[PDB]
Amino acid sequence: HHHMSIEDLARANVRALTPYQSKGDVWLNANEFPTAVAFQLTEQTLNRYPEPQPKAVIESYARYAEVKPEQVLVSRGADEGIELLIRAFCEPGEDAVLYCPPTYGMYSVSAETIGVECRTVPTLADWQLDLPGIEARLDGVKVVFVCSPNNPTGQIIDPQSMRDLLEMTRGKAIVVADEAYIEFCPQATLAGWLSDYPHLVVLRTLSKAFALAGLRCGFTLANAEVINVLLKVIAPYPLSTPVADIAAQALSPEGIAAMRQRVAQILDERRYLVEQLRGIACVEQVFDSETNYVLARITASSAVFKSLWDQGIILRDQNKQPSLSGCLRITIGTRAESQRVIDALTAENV
Amino acid sequence: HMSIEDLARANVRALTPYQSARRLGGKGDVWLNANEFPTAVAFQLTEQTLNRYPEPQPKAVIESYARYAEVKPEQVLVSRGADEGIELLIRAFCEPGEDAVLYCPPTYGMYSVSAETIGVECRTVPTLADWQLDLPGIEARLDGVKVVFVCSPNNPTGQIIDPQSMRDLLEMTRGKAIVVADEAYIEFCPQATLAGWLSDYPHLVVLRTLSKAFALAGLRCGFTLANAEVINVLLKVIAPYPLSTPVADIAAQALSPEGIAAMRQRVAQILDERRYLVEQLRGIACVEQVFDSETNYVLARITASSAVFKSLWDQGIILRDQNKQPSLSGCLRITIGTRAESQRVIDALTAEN
Ligand SMILES: Cc1ncc(COP(=O)(O)O)c(C=O)c1O
Ligand SMILES: Cc1ncc(COP(=O)(O)O)c(C=O)c1O
Ligand SMILES: [Cl-]
């Protein structure tokens with residue numbers, strides 16, 4: 001047989017893909033909670049392997065989410081949850097994933113990296129689901145991802161449309177509700193629907209309202225039968241002991257109350273930032289959000305984005321996303337950080 | 001109308017969730033079954049930035065590990081253990097259903113587990129009677145192989161793979177496959193590392209871990225050393241944020257010059273304890289043979305090993321059974337622990353009389 005270079009020994013999809021890629025003082029670009037919550041290690045056992053699925057973390061998250069412990073898996077962020085679902089259910093080259101742009105980019109990245117076709121069905125003008133469009137495109141789909149509330153547009157997906165989607169996929173595909181932002185609108189969660197839908201899965205994270213993006217700790221909620229499949233494909237030791245230690249501390253009753261106050265702070269600050277933005281000459285529209293970010297369409301958005309960037313105010317450009325021409329996504333930070341944004345947009349004179 | 005398990009990939013249905021038989025601490029079990037350093041080294045966090053995403057590849061960890069390993073920073077990737085290094089290599093280079101991995105039993109099980117989970121053929125080439133490589137056997141089985149894993153020193157048998165045989169294997173695979181030297185245990189015999197060979201073999205990769213001599217299994221922190229071309233392929237398939245900030249913080253602490261010196265002292269402790277345990281083991285009626293090792297474990301063939309394993313297990317002394325491994329019938333793998341743990345093992349084996 002003939003020899004190949006390192007780059008040609010790599011899988012064809014790996015050679016072709018573009019991987020996800022990531023200076024100033026105001027960072028409002030990644031939906032992080034704006035201030036650190038300090039935690040110290042309480043378990044000096046680092047010479048020993050951790051538990052594969054740390055019981056205190058699983059049980060505390062299950063109590064918080066009001067599900068059974070056997071309905072909970074813990075992983076390296078909701079990002080790993082996405083990977084596990086495609087790894088378990090999608091035969092590379094034969095099965096597809098489906099998602100609905102404009103939305104979170106890692107469904108596509110994980111699928112393309114694993115070797116699984118992406119089906120895309122743009123949402124409607126209000127970013128609600130195109131159920132007929134999904135129906136037409138479901139052949140060969142094994143996993144459907146729906147972000148609700150959606151990143152980057154901010155709105156909750158209509159609950160009955162999710163039931164309609166779940167009936168459309170019953171016996172055919174897993175439906176994944178990505179609830180990375182559900183702490184900001186907790187009454188909207190679908191985690192209470194597991195008994196109706198054997199194929200429903202919910203992703204959760206500590207990265208956002210819980211203010212622990214640095215831990216890389218996320219959860220998959222599903223019926224036990226789905227959890228048991230995902231535990232067949234997960235790494236033996238996916239959570240380090242320091243992360244398990246801090247996660248358990250964060251998920252105590254005291255930790256939960258603290259998170260709920262973090263959410264209240266963000267909701268109050270979002271109300272302030274939205275009202276201020278709507279008065280700024282370069283802001284064309286601010287879209288209502290149920291999260292810790294708001295999408296704003298801005299006149300000359302690329303010049304404004306670069307202008308704030310050069311001033312050290314780092315937003316998230318969404319101008320290339322389907323339907324989002326002119327839109328920047330602004331995370332809700334501190335009042336001082338909101339005021340930096342307000343003052344810089346006001347100074348843009350466009 | 002398919003049930004949940006029927007929607008899963010066919011290969012996934014036959015997998016088994018990872019089974020840890022390990023009870024809580026506080027039952028007093030003696031854990032000599034996972035090649036862990038036997039006592040904790042304490043670290044505290046120094047960086048309270050947990051609201052922010054970590055660095056994708058923490059610079060201080062990468063550059064510290066590169067200094068330690070005497071390679072360039074562009075030749076280093078950090079992952080969730082060497083386990084994730086194994087996964088990335090198969091994920092980058094093995095097309096499921098088309099390409100194969102190759103390894104040489106009896107050896108570490110996760111090469112097979114990762115390949116079977118991803119859906120990549122496992123090609124096996126059992127080693128020779130002394131557990132050295134069967135190079136003719138490998139050459140006959142290399143068609144379609146994209147990644148070869150060789151554990152040196154080997155787990156569970158403990159010996160270093162002959163360096164000339166690794167050069168021969170590298171020439172055999174040039175242009176055809178990646179060769180991965182799994183160096184999880186290389187700190188116990190650091191002169192045997194192949195990390196200095198990168199400039200001679202574009203397709204050589206070395207896996208390292210903090211889980212063993214570095215006494216930081218709980219961190220889930222490992223490293224892949226390779227030429228930059230290989231690192232850059234692997235970085236296309238790694239998760240965007242694979243290392244948490246607490247792990248990066250502690251890892252950088254552990255890889256300081258003082259941390260390296262402390263690790264060397266841990267190795268010296270294990271080497272001295274291994275000499276004691278081996279000498280005592282060879283004097284015990286039920287021990288048939290103890291195989292020389294260059295690691296923090298020894299493989300011992302034991303008369304009625306299954307009954308002895310169960311006897312010690314029921315006493316709370318936890319070894320690693322290897323009786324079902326090719327060529328290893330009768331063999332238990334015994335991690336080197338503290339002196340008092342060695343003495344628990346010695347005393348229990350002596351009482352099997
Ligand atoms: C919609 C959504 N899901 C998941 C994630 C990833 O979450 P994690 O930090 O738990 O990996 C993000 C990160 O920004 C996100 O926006
Ligand atoms: C040969 C070998 N390689 C790799 C590993 C996994 O190491 P890590 O803890 O870095 O994932 C082990 C663990 O025992 C091992 O024995
Ligand atoms: Cl189309």
Side-chain angles (χ1 to χ4, degrees), chain A residues 6-7 9-11 14-15 17-20 22 76-77 79-80 83 109-110 113 216 235 237-238 240, chain B residues 53-94 110-111 114 118 146-149 178-184 186 193-199 201-212 214 216 219-245 247-252 254-255:
Chain A
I6 293 296
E7 293 78 10
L9 286 175
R11 298 168 55 189
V14 171
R15 252 204 313 290
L17 62 84
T18 297
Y20 170 89
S22 61
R76 192 176 52 198
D79 273 351
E80 183 157 47
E83 288 271 337
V109 172
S110 294
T113 307
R216 314 297 312 118
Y237 302 104
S240 63
Chain B
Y53 279 90
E55 299 176 65
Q57 290 281 290
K59 184 185 179 60
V61 173
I62 296 301
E63 285 171 0
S64 289
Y65 200 81
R67 269 189 293 279
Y68 160 68
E70 304 185 37
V71 300
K72 305 170 202 167
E74 59 268 27
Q75 291 173 330
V76 184
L77 162 157
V78 67
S79 61
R80 188 176 57 198
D83 273 356
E84 186 160 47
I86 295 171
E87 285 269 343
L88 296 169
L89 282 152
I90 300 171
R91 172 174 171 102
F93 289 104
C94 296
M110 285 303 300
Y111 319 128
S114 284
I118 291 163
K146 289 281 203 61
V147 179
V148 176
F149 293 94
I178 303 302
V179 172
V180 181
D182 185 345
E183 282 190 3
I186 207 57
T193 183
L194 310 187
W197 295 9
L198 299 183
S199 60
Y201 303 105
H203 59 305
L204 172 64
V205 176
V206 176
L207 300 176
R208 301 281 192 83
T209 182
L210 304 186
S211 295
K212 310 298 179 182
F214 273 98
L216 289 168
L219 283 194
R220 314 300 313 120
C221 186
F223 296 88
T224 297
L225 315 178
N227 288 288
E229 291 87 340
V230 172
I231 294 301
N232 292 339
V233 172
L234 299 178
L235 286 168
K236 295 185 82 181
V237 310
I238 195 168
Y241 301 98
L243 214 69
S244 69
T245 294
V247 171
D249 182 351
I250 296 173
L255 296 170

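The chains referred to below are lettered A, B, ... by the order of the sequence lines, with proteins before strands, and numbering in each begins at 1. All heavy atoms count here, side chains included; hydrogens, waters and symmetry mates do not.
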### Task
Could you give me the CA-CA distance, side-chain angles and deciding distance for A/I6 and B/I178, then say whether side chain to side chain contact (heavy atoms under 4.5 Å, CB included) is met?
CA-CA 8 Å; A/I6 293 296; B/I178 303 302; 3.5 Å; yes
### Query
Can any side-chain N or O of B/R80 pair as donor or acceptor with the backbone N or O of A/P238 at less than 3.5 Å?
yes
### Query
Are any side-chain N or O atoms of B/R220 and backbone N or O atoms of A/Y237, one a donor and one an acceptor, separated by less than 3.5 Å?
yes
### Query
Where is the tightest heavy-atom contact between B/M110 and B/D83, given as atom of each residue plus distance?
CG-OD1, 3.7 Å
### Task
Please examine the side chains of B/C94 and B/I118, heavy atoms only from C-beta on, and report whether any two atoms are closer than 4.5 Å.
no
### Query
Shortest non-hydrogen contact from B/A195 to B/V71?
O-CG1, 4.1 Å
### Query
Could you give the distance from CG (B/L255) to CD (B/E63), rounded to the nearest 0.5 Å?
12.0 Å
### Query
When rounded to the nearest 0.5 angstrom, what is the spacing between CD in B/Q75 and OG in B/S199?
8.5 Å
### Min side-chain heavy-atom separation B/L210-B/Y65 under 4.5 Å
yes
## Note on the structure
What one should report as the nearest heavy-atom pair of A/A10 and A/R15 is O-NH1, 2.8 Å
### Query
So, do B/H203 and B/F93 sit near enough that their side-chain heavy atoms are less than 4.5 Å apart?
no
### Query
Do B/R208 and B/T193 touch side chain to side chain, with heavy atoms closer than 4.5 Å?
yes
### Query
Are B/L77 and B/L88 side-chain neighbours, meaning at least one heavy-atom pair lies under 4.5 Å?
yes
### Shortest non-hydrogen contact between B/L225 and B/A69, atoms and distance
CD1-CB, 4.1 Å
### Non-hydrogen atoms of A/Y20 and B/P240 that approach each other most closely
CD2-CB, 3.8 Å
### Distance in Å, B/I231 CD1 paired with B/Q57 CD, rounded so as to fall on 0.5 Å steps
8.5 Å
### Query
For the side chain of B/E70 and the backbone of B/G196, is there at least one donor-acceptor N/O pair under 3.5 Å apart?
no
### Task
Measure the spacing between CD1 of B/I186 and OG1 of B/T209 and express it to the nearest 0.5 Å.
13.0 Å
### Message
If I take atom CG from residue B/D182 and atom CG from residue B/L194, how far apart are they, to the nearest 0.5 angstrom?
### Response
11.0 Å
### Task
Using atom types as modelled and distance alone, determine if a side-chain donor or acceptor of B/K212 lies under 3.5 Å from a backbone N or O of B/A184.
no
### Task
Evaluate the side-chain proximity of B/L204 to B/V230: yes if any heavy-atom separation is below 4.5 Å, no if none is.
no
### Message
I'd like to check B/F149 versus B/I86 (side-chain heavy atoms, cut-off strictly below 4.5 Å). Are they in contact?
### Response
yes
### Query
Are any of the side-chain heavy atoms of B/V205 and B/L89 separated by less than 4.5 Å?
yes
### Query
Of the non-hydrogen atoms in B/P54 and B/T245, which two are nearest, and what is the gap between them?
CB-OG1, 3.2 Å
### Message
Quick check: B/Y68 with B/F223 (ring centres under 6.0 Å apart)?
### Response
no
### Query
Measuring from B/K236:NZ to B/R91:CZ, what's the distance to the nearest 0.5 Å?
12.5 Å
